[PDB]
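One structure is given below, encoded as structure tokens.
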Amino acid sequence: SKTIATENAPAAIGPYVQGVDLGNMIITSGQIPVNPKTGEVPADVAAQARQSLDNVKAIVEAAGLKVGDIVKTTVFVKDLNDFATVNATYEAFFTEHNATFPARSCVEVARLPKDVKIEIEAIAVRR
Amino acid sequence: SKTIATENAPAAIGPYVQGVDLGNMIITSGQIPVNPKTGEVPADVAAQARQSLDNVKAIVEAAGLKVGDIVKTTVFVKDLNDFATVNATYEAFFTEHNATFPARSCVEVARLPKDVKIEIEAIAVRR
Amino acid sequence: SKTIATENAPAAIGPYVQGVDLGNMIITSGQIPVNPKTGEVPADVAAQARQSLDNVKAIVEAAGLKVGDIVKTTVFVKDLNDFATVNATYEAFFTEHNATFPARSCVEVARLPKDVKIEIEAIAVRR
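Residue numbers (PDB author numbering), protein chains in the order written: chain A, 2 to 128; chain B, 2 to 128; chain C, 2 to 128.
Here's what the structure looks like:
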């Protein structure tokens with residue numbers, strides 16, 4: 002197994018790595034909507050969902066996989082009242098990559114790192 | 002890898018599939034207590050826990066596995082004060098299937114889809 | 002696949018096992034900061050984080066692996082305001098084991114079993 006490290010997702014400053022490549026299975030850390038170019042977080046929940054998904058994509062692609070290889074996500078949100086918006090963005094993201102939708106779990110948590118509105122972790126497979 | 006799709010669990014309307022069959026490992030989406038026959042959610046927390054477990058079972062069985070093949074679950078609840086009840090139902094469900102209990106994580110979240118009281122995701126293996 | 006059962010982590014009284022050994026992959030149950038020798042929970046959040054990590058370590062080691070084989074954790078906390086402290090302890094724990102940091106997801110939940118401040122689940126691999 003090996004660490005996945007890419008400039009295309011926010012740098013792993015704390016005691017974690019961006020993701021792990023286990024051979025057939027890749028697992029990402031929970032991605033928050035931090036822009037890897039600027040370090041900023043967009044205000045808009047739809048934009049946050051998209052930034053988190055782009056961060057997941059960067060890690061999966063750094064391991065040689067595609068968005069279409071993602072088979073399971075967990076989506077942690079700060080407010081389920083914004084879920085229609087998140088769902089629309091999430092759906093669009095997968096559609097843009099001609100990807101079958103992953104299996105998913107979705108819950109509203111009390112708070113997320115940096116007070117973001119969403120955090121998404123993903124599992125992808127080579128086969 | 003392939004999608005698991007069964008009439009025996011609530012249809013996957015949003016941007017997700019019910020579960021994924023990765024070869025040896027099967028992963029389900031987080032199941033909420035929606036009845037696949039009627040679309041209704043039972044009021045009772047014990048009944049909700051059982052409906053979620055039945056939904057997990059439907060997906061695992063659609064992949065050719067048994068409840069006894071489930072090795073890890075995550076149980077998200079709306080209120081840990083109802084956990085004795087949930088635990089009793091969960092225990093009964095596994096016992097009914099002559100199944101070794103899976104590894105498990107349990108947390109109280111702020112809110113769940115459709116305001117349900119429980120959501121359960123599961124991992125099962127063929128070997 | 003087989004159950005992992007060790008006297009070195011709190012006994013699995015409810016309907017769960019401490020962890021599962023799936024061959025290459027080991028998955029633990031969500032560990033809470035209960036001391037396996039006394040059954041008590043330390044007051045201090047740093048001490049709680051360390052007790053949870055020690056419990057994870059006991060299960061991983063019972064399967065023949067090391068802390069350095071842990072590749073993904075999920076850390077559920079009661080209060081993200083205590084996260085700097087948790088992070089410091091978590092970092093120290095991995096460093097003490099000369100371990101590459103795992104991938105990680107971190108969220109604040111509404112409540113945890115026994116009103117603890119942290120629960121940590123982990124995935125480790127042999128290869």
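Even for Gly, the Cβ is constructed at its ideal location relative to N, Cα and C.
Can you pull the chain A neighbours of B/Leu23, defined as C-beta to C-beta under 7 Å?
Within 7 Å Cβ-Cβ: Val72, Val126.
Where the beta strand (DSSP E) containing A/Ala6 begins and where it ends
Under the DSSP assignment, A/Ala6 falls outside any beta strand (DSSP E); it carries neither an H nor an E label.
Short of 6 Å in beta carbon distance, which residues of its chain neighbour B/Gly31, apart from the five on each side in sequence? Order them along the chain.
If we look at B/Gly31 and ignore the five residues flanking it on each side, its Cβ neighbours are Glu120, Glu122.
Are the C-beta atoms of B/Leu81 and some chain C residue less than 9 Å apart?
So yes, B/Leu81 belongs to the interface.
Any beta-carbon of chain A closer than 9 Å to the one on C/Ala50?
No, C/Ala50 does not count as interfacial toward chain A.
Exposed or buried, A/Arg112, counting other C-beta atoms within 10 Å across all chains shown (16 or more means buried)?
Buried, because 16 or more other Cβ atoms sit within 10 Å of the Cβ of A/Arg112.
Just to confirm my understanding: we take B/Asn99, look at its own chain, exclude 5 residues before and 5 after, and list those with CB closer than 7 Å. What are they?
Same-chain partners within the cutoff: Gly69.
Name the chain C residues whose beta carbon is nearer than 7 Å to that of B/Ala64?
Chain C residues near B/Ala64: none, gap ~15 Å exceeds 7 Å.
What three-state label does DSSP hand C/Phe102 in the structure shown?
Collapsing the DSSP output to three states places C/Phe102 in coil.
DSSP three-state call for A/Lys38: helix, strand or coil?
DSSP places A/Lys38 in coil when its eight states are reduced to three.
Under 9 Å, do A/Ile5 and A/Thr39 count as touching if we go by C-beta distance?
In this structure, A/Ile5 sits away from A/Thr39, with a CB-CB distance that is not shorter than 9 Å.
Any idea what DSSP makes of B/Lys67, helix, strand or coil?
Under the three-state reduction of DSSP, B/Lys67 is assigned to coil, being neither helix nor strand.
Within a Cβ cutoff of 7 Å, which residues of the same chain sit near B/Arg51, ignoring the five residues on either side of it in sequence?
For B/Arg51, where only same-chain residues beyond five positions count, the Cβ hits under 7 Å are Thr90, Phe94.
Please classify B/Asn56 as buried or exposed, where buried requires at least 16 other C-beta atoms within 10 Å of its C-beta.
B/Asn56 is buried by the Cβ-count criterion.
Residues, ordered as in the chain, of the segment 92 to 119 of chain C that lie near chain A by beta-carbon distance below 7 Å
From the segment 92 to 119 of chain C, only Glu92, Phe95, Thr101, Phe102, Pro103, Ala104, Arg105, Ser106, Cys107, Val108, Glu109, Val110, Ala111 have a Cβ closer than 7 Å to chain A.
Taking the C-alpha atoms as reference points, what is the distance between A/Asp22 and A/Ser2?
Linking A/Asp22 to A/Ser2 through their CA atoms gives a straight-line distance of about 6 Å.
State the start and end residues of the unbroken beta strand (DSSP E) segment that holds B/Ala125.
Looking at the DSSP string, the run of the beta strand (DSSP E) that includes B/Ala125 is 119 to 126.
Quick one: list the residues of chain B neighbouring C/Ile28, beta-carbon separation under 8 Å, in chain order.
Near C/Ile28 (Cβ distances below 8 Å), the residues of chain B are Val72, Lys73, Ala104, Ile124.
Option in A/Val117, A/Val61, A/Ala64, A/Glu8 with minimal Cα separation from A/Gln49
Selected option, being the one with the closest Cα: A/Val117.
Determine, for C/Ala13, whether the minimum Cβ-Cβ distance to residues of chain B falls below 9 Å.
True, the Cβ-Cβ gap to chain B drops below 9 Å.
Does the CB of A/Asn88 have a neighbour CB from chain B at under 9 Å?
The beta carbon of A/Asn88 falls within 9 Å of a beta carbon belonging to chain B, placing the residue at that interface.
Among residues of its own chain, excluding the 5 on either side of B/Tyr17, which ones have a beta-carbon nearer than 7 Å to its beta-carbon?
Result list for B/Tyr17: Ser30, in chain order.
Report, in whole angstroms, the separation of the C-beta atoms of C/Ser53 and C/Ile71, which I expect to be a contact under 8 Å.
Their Cβ separation, rounded to whole angstroms, is 13 Å, which puts C/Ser53 and C/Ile71 out of contact at 8 Å.
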